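Below sits a lone chain in structure tokens, taken as the form deposited in one PDB entry.
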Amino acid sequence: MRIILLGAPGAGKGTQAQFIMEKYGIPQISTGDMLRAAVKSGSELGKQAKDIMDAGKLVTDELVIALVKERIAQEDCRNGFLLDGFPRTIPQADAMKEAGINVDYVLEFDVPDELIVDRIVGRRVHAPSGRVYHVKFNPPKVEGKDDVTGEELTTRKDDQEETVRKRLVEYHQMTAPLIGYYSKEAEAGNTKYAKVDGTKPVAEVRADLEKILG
């Protein structure tokens, strides 16, 4: 099974991706997590991403495409995968389409702009795994610790209000058109498309997604 998650920044995509991955035994493919890891380790492909993410700007189509095609050739992607953060632009989507990569589900998360900032400012992550928490809305079992490893959570350098505003602007301009792109794909019988209310509690959105996938 192959899935793509659509939605504005902080809509809850990464959060819900964790549940799908464990349930369906398919790997989460997060371009945001790769880019941050590349910066961290200084990987040839992705190292350059530091300043761009800082400014709240999108990284080049070609860099991310390369990261995805490299990552997606991996063996763990034999039986399917979940795309989370890719595609982010129309050319990114088209690159994937003409490579002959079709998916089964495109899942859109519907979340109002006014909720995004307070979500992102309270976000805490476990960098090694990509697991995400919220200090008020979705806290770890033990404060400041990852549930799975118990390791100290951190805050992303680009999770400040001003930076978040910029990502929003970028999304509505560059990424929003992907909704129509895949709605069109769905009508061609190339995939199934669905939208969920991303303002429900984490448990409920997970249940909604499972009704669609299971």
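Just count from 1 along the sequence shown to find any residue number. Under this definition, the rigid core comprises the largest set of C-alpha atoms superposing within 1.5 Å between the forms.
Below, we refer to the form deposited in another entry, which is not included among the displayed structures.
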Rigid-core superposed between this form and the one not shown, candidates 77, 127, 99, 115; the one over the 2 Å C-alpha cutoff or at it is 127
Take the rigid core as the frame of reference and indicate whether the C-alpha of residue 59 shifts by 2 Å or more between this form and the one not shown. no
With both forms fit on the core, has residue 32 moved 2 Å or more by CA between this form and the one not shown? no
Answer yes if the Cα of residue 47 shifts by 2 angstroms or more between this form and the one not shown on a rigid-core superposition, and no otherwise. yes
